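Structure first, commentary second.
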Amino acid sequence: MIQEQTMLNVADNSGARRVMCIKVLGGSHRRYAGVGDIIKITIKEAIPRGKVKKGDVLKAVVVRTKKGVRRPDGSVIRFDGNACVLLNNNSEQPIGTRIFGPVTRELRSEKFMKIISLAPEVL
Amino acid sequence: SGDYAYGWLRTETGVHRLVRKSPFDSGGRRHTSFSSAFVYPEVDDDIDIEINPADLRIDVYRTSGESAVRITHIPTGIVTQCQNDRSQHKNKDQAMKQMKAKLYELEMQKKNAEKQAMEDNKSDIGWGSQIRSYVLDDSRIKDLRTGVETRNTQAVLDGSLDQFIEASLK
RNA sequence: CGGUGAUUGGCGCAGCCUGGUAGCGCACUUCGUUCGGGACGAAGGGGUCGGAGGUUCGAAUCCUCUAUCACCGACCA
RNA sequence: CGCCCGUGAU
RNA sequence: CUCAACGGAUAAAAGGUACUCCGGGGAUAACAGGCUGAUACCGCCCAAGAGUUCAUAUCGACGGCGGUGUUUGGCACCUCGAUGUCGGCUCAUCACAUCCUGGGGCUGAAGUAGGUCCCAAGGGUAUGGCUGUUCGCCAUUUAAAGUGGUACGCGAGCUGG
RNA sequence: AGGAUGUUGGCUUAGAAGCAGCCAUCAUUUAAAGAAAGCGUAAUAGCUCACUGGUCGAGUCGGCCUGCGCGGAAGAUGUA
RNA sequence: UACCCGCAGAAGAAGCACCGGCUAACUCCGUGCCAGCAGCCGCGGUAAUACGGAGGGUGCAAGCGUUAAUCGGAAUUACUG
Ligand SMILES: [K+]
Ligand SMILES: [K+]
Ligand SMILES: [K+]
Ligand SMILES: [K+]
Ligand SMILES: [K+]
Ligand SMILES: [K+]
Ligand SMILES: [K+]
Ligand SMILES: [K+]
Ligand SMILES: [K+]
Ligand SMILES: [K+]
Ligand SMILES: [K+]
Ligand SMILES: [K+]
Ligand SMILES: [K+]
Ligand SMILES: [K+]
Ligand SMILES: [K+]
Ligand SMILES: [K+]
Ligand SMILES: [K+]
Ligand SMILES: [K+]
Ligand SMILES: [Mg+2]
Ligand SMILES: [Mg+2]
Ligand SMILES: [Mg+2]
Ligand SMILES: [Mg+2]
Ligand SMILES: [Mg+2]
Ligand SMILES: [Mg+2]
Ligand SMILES: [Mg+2]
Ligand SMILES: [Mg+2]
Ligand SMILES: [Mg+2]
Ligand SMILES: [Mg+2]
Ligand SMILES: [Mg+2]
Ligand SMILES: [Mg+2]
Ligand SMILES: [Mg+2]
Ligand SMILES: [Mg+2]
Ligand SMILES: [Mg+2]
Ligand SMILES: [Mg+2]
Ligand SMILES: [Mg+2]
Ligand SMILES: [Mg+2]
Ligand SMILES: [Mg+2]
Ligand SMILES: [Mg+2]
Ligand SMILES: [Mg+2]
Ligand SMILES: [Mg+2]
Ligand SMILES: [Mg+2]
Ligand SMILES: [Mg+2]
């Protein structure tokens, strides 16, 4: 349940450490982005020699939220913080080469099979 | 002023070098001096293009402090505002004449830039940038561009340029 | 927008009130002085008055309209 | 009493 | 006696008030209404041309004729024994000169994407940075971020920059 | 049904044969036919037209003056 | 294998840098403050031993030059001095 001004950690190794959400894409008057939802971000702090510089405007996909995903039988999976993976602005393909931490099975789609393979653990 | 004048003279632009026993040197030494000729044609200076309302968009709004106007140009995209008088018609008139000034100065600024550009393109009147030598000691003239010699300097110095113009007209 | 005053030689200025004659400084031209330049000394030329129309025997001058510039005001809700 | 200046070839 | 304010008030006279006060006036302004419609906006008529040729796919000069009430105005009919002002918030409602979605004609319409005109008002029709702002510029969205009337809708509903 | 010939009339263009545009614009055969009114082509070609016969068997054509109508004709609470 | 013997035949086997002064070794032609050279001083602006080629020289030689880097020369950090 990510909205504008929400600060997200970064699950890949693009260089960024913190990003801010500046728009939830995909509809008019759309409030929240959950796991699997593309967002427009801006970079608020980066590591000194990454691929992305502080102040960039990019896309990202949410992979962990602490609101959680609800499964078909009624279960819930919640994490301790919100995280996202940085995407190229046009192709919408991952920028980094590694993923940290677990991801979930709501990314199992034709777009994000690159992320599922790299994830240490899929729940 | 003549017919086909610039065609004949356009090949003279450049630096001319003179070698000669100096009369301004007390020791009577041999010196080299340079001067430059630059030839450009007369232009028709057409800036008679005026405001065509087909390509003017005008907005009237309420003053910041609906008397304020905001004129903008459709193709150039340069806007103009005025909030001088309480009548908008006074403001509306003042802006388009101000708009006229704004259009006009782009044309002037565009022509001012290309003049400085050709000022940068001109060679300095100094060593090495010569195109003709006029060494009057041994009475030799050499256009080092074509390159046509001559041993009759006095005739050249009086207007026998027919030797050089035609050959320089490659 | 109105309103009050200016346009005179290449440049900076008088003359207009109160009609009949345009003047000054610098600059310019020639000569002299100096080896030469500047400074200096002696001669000389150049403007029909922003434009236009009126009044008058006569207009830079008086009147009216214009163009450009400068100053000033545009105030209460 | 007042008197400034003299470019660049090797 | 330029008593020229020329039927001449005294021989002899300038200003400030946002610190203000009284008697009055919608006889007279400022806001909104009204009448009008020069201006503004929308439409149409003629067609010189531009569009390789080809006025009329799309534009259309020099000129002409209307509509709306819709900007800036003109007037002074209402209100001065009072009709609270810009913007924001809340809540709206109508028109259609249609922004999207729907249906069509022509195209300088191969397709995708467009241009332009006709019909259509059922529903829908952004969030932020700056600034008191409406507006505007900018960032990023959206199928689209319509144009207007309603005392420039709305203070006995809120605020008060 | 037919609606020709010299002749791609002259100039420039790349092209100008009708058509970017410029000057004009005769002759021959019947019956009629153009240095072309129109669409198309780059030019062609082609498709028209103007023009004349055969059929058909009563009217037909487009101007002027006039009467009454049609379009031009879109707004906000509700027909109005 | 090192070495030794036999065969044939001058046969298979020379370049690089310099030549104004310092520094050993010079003349002609081309160019004309250009093109170019250069460690320092400096050469080229119409008779260039200094640029470029040619002839001739000089020095090293299976190498010869250039660049980098150290000490010497430098008594120019001097204890000697
Ligand atoms: K009086
Ligand atoms: K007083
Ligand atoms: K005060
Ligand atoms: K009101
Ligand atoms: K009306
Ligand atoms: K109309
Ligand atoms: K009208
Ligand atoms: K009142
Ligand atoms: K509304
Ligand atoms: K309608
Ligand atoms: K539609
Ligand atoms: K259409
Ligand atoms: K609708
Ligand atoms: K503004
Ligand atoms: K109140
Ligand atoms: K209010
Ligand atoms: K009330
Ligand atoms: K010592
Ligand atoms: Mg006059
Ligand atoms: Mg001096
Ligand atoms: Mg000297
Ligand atoms: Mg009186
Ligand atoms: Mg009172
Ligand atoms: Mg009244
Ligand atoms: Mg008003
Ligand atoms: Mg009013
Ligand atoms: Mg009215
Ligand atoms: Mg045309
Ligand atoms: Mg009004
Ligand atoms: Mg009255
Ligand atoms: Mg009223
Ligand atoms: Mg009352
Ligand atoms: Mg409609
Ligand atoms: Mg602010
Ligand atoms: Mg209101
Ligand atoms: Mg109320
Ligand atoms: Mg307050
Ligand atoms: Mg306040
Ligand atoms: Mg109705
Ligand atoms: Mg020589
Ligand atoms: Mg040497
Ligand atoms: Mg030592």
Side-chain angles (χ1 to χ4, degrees), chain A residues 2-7 19-33 37-44 55-60 87 89-90 92, chain B residues 14-35 49-62 64-75 77-98 101 123-147 149-151 153:
Chain A
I2 307 309
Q3 59 191 80
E4 313 204 26
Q5 309 286 307
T6 300
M7 295 299 291
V19 302
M20 185 180 288
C21 182
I22 72 185
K23 187 71 60 183
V24 178
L25 309 181
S28 166
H29 274 284
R30 183 168 178 180
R31 276 76 175 263
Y32 313 115
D37 280 4
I38 309 290
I39 57 184
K40 181 61 71 79
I41 60 157
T42 176
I43 298 190
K44 295 283 164 185
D56 271 15
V57 173
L58 281 175
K59 300 222 185 155
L87 300 183
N89 213 326
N90 310 128
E92 269 171 15
Chain B
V15 178
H16 301 78
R17 177 168 75 113
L18 165 73
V19 181
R20 185 253 302 261
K21 252 72 175 175
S22 184
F24 307 91
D25 184 287
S26 181
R29 289 176 314 175
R30 185 187 210 231
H31 279 286
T32 299
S33 45
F34 301 84
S35 79
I49 312 305
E50 304 308 320
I51 280 169
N52 185 9
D55 52 87
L56 272 296
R57 190 177 65 85
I58 301 100
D59 175 15
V60 293
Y61 58 104
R62 301 167 46 195
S64 66
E66 307 186 358
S67 72
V69 307
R70 178 144 41 198
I71 311 180
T72 182
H73 195 196
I74 305 188
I78 56 174
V79 304
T80 296
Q81 302 94 14
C82 182
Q83 302 192 10
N84 200 312
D85 272 331
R86 292 185 296 268
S87 159
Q88 74 180 359
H89 192 27
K90 308 310 284 179
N91 290 325
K92 189 252 286 178
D93 271 352
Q94 204 267 356
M96 65 183 73
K97 280 74 182 172
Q98 177 189 138
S123 58
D124 71 316
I125 311 103
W127 317 86
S129 43
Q130 55 181 352
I131 68 179
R132 292 180 182 171
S133 294
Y134 289 84
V135 56
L136 302 192
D137 289 335
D138 51 2
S139 67
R140 179 169 62 252
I141 296 189
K142 168 70 168 293
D143 196 313
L144 57 84
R145 195 172 31 166
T146 45
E149 317 269 351
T150 304
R151 299 310 301 260
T153 55

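Protein chains get the first letters and strands the later ones, always in sequence-line order, with residue 1 at the start of each. All values below come from the heavy atoms of this structure, side chains included, with hydrogens, waters and symmetry mates left out.
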Check whether any side-chain N or O of [X] sits under 4.0 Å from OP1 or OP2 of [N], and answer yes or no.
{"X": "B:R17", "N": "G:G45", "answer": "no"}
{"X": "A:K23", "N": "E:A139", "answer": "no"}
{"X": "B:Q130", "N": "G:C33", "answer": "no"}

Could you check whether the side chain of [X] and the base of [N] have a donor-acceptor pair of N or O atoms closer than 3.5 Å, going by distance alone?
{"X": "B:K92", "N": "E:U72", "result": "no"}
{"X": "B:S87", "N": "E:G73", "result": "no"}
{"X": "A:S28", "N": "E:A143", "result": "no"}

North or south sugar at [N] (positive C1'-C2'-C3'-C4' torsion counts as north):
{"N": "C:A59", "result": "south"}
{"N": "F:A35", "result": "south"}
{"N": "E:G148", "result": "north"}
{"N": "E:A27", "result": "south"}
{"N": "G:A24", "result": "north"}

Interatomic distance where [atom1] belongs to [X] and [atom2] belongs to [N] [whole Å]:
{"X": "B:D59", "N": "E:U72", "atom1": "CG", "atom2": "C1'", "result": "14 Å"}
{"X": "B:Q83", "N": "E:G136", "atom1": "CD", "atom2": "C1'", "result": "12 Å"}
{"X": "B:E66", "N": "E:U70", "atom1": "CD", "atom2": "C1'", "result": "10 Å"}
{"X": "B:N91", "N": "E:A40", "atom1": "CG", "atom2": "P", "result": "15 Å"}
{"X": "A:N89", "N": "E:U141", "atom1": "CG", "atom2": "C1'", "result": "13 Å"}
{"X": "A:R31", "N": "E:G128", "atom1": "CZ", "atom2": "P", "result": "12 Å"}
{"X": "B:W127", "N": "G:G32", "atom1": "CH2", "atom2": "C1'", "result": "15 Å"}
{"X": "A:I2", "N": "E:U127", "atom1": "CD1", "atom2": "P", "result": "21 Å"}

[N] on [M]: ring centres under 5.5 Å and planes under 30 degrees?
{"N": "E:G23", "M": "E:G24", "result": "yes"}
{"N": "G:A69", "M": "G:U70", "result": "yes"}
{"N": "F:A36", "M": "F:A37", "result": "no"}
{"N": "E:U93", "M": "E:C94", "result": "yes"}
{"N": "C:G32", "M": "C:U33", "result": "yes"}

Would you say the side-chain atoms of B:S129 pair up with the backbone N or O of B:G126, donor to acceptor, closer than 3.5 Å? yes
Is a side-chain N or O of B:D25 found less than 3.5 angstrom from the main chain of B:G28, in a donor-acceptor match? yes
Could you check which of [options] has an atom nearest any side-chain atom of [X]?
{"X": "A:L25", "options": "E:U142, C:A74, G:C34", "answer": "E:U142"}
{"X": "B:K90", "options": "E:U72, G:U46, C:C1", "answer": "C:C1"}
{"X": "B:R62", "options": "E:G87, E:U71, E:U133", "answer": "E:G87"}

Closest-nucleotide mapping onto RNA chain G: is B:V135 or B:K142 further toward the 5' terminus? I mean the 5' end. B:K142
Watson-Crick or G-U wobble mate for [N], both contacts under 3.5 Å:
{"N": "E:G51", "value": "none"}
{"N": "C:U18", "value": "none"}
{"N": "G:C79", "value": "none"}
{"N": "E:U70", "value": "none"}
{"N": "F:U77", "value": "none"}
{"N": "C:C76", "value": "none"}
{"N": "F:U55", "value": "none"}
{"N": "C:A67", "value": "C:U7"}

So [M] and [N], Watson-Crick or G-U wobble pair with both distances under 3.5 Å, or not?
{"N": "E:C96", "M": "E:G146", "answer": "yes"}
{"N": "F:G21", "M": "F:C11", "answer": "yes"}
{"N": "E:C1", "M": "E:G111", "answer": "no"}
{"N": "G:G39", "M": "G:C22", "answer": "yes"}
{"N": "F:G34", "M": "F:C49", "answer": "yes"}
{"N": "E:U101", "M": "E:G23", "answer": "no"}
{"N": "E:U147", "M": "E:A95", "answer": "yes"}
{"N": "G:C16", "M": "G:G59", "answer": "yes"}
{"N": "G:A54", "M": "G:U27", "answer": "yes"}

Give a yes or no on whether a salt bridge exists between [X] and [Y], defined as a side-chain N under 4.0 angstrom from a carboxylate O.
{"X": "B:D85", "Y": "B:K92", "value": "no"}
{"X": "B:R140", "Y": "B:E149", "value": "no"}
{"X": "B:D137", "Y": "B:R20", "value": "no"}

Using a 90° cut-off around 0 for syn, call [N] syn or anti.
{"N": "D:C1", "result": "syn"}
{"N": "E:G155", "result": "syn"}
{"N": "E:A50", "result": "anti"}
{"N": "G:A74", "result": "syn"}
{"N": "G:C4", "result": "syn"}

Between E:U142 and E:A126, how far is it from one P atom to the other, in whole Å? 14 Å
Taking all heavy atoms of B:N91 and all of B:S67, pick out the closest pair and write down the distance. ND2-O, 3.1 Å
Close residues, residues 23-34 of chain B, relative to RNA chain D [heavy-atom separation under 4.0 Å]: B:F24, B:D25, B:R29, B:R30, B:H31, B:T32
Would you please say whether a donor-acceptor pair under 3.5 Å links the side chains of B:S133 and B:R17? yes
Could you walk me through whether A:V19 and A:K44 pass the side chain to side chain contact (heavy atoms under 4.5 Å, CB included) test, one step at a time? CA-CA 5 Å; A:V19 302; A:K44 295 283 164 185; 6.0 Å; no
So B:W127 and B:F34, would you call those rings parallel, tilted or perpendicular, with 30° and 60° as cut-offs? perpendicular
In this structure, which one of B:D59, B:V79, B:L56 forms a side-chain contact (heavy atoms from CB on, under 4.5 Å) with B:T72? B:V79
Evaluate the side chain to side chain contact (heavy atoms under 4.5 Å, CB included) criterion for residues B:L144 and B:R132: first the C-alpha distance (whole Å), next the side-chain angles of each, then the deciding distance (0.1 Å), finally the verdict. CA-CA 6 Å; B:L144 57 84; B:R132 292 180 182 171; over 6 Å; no
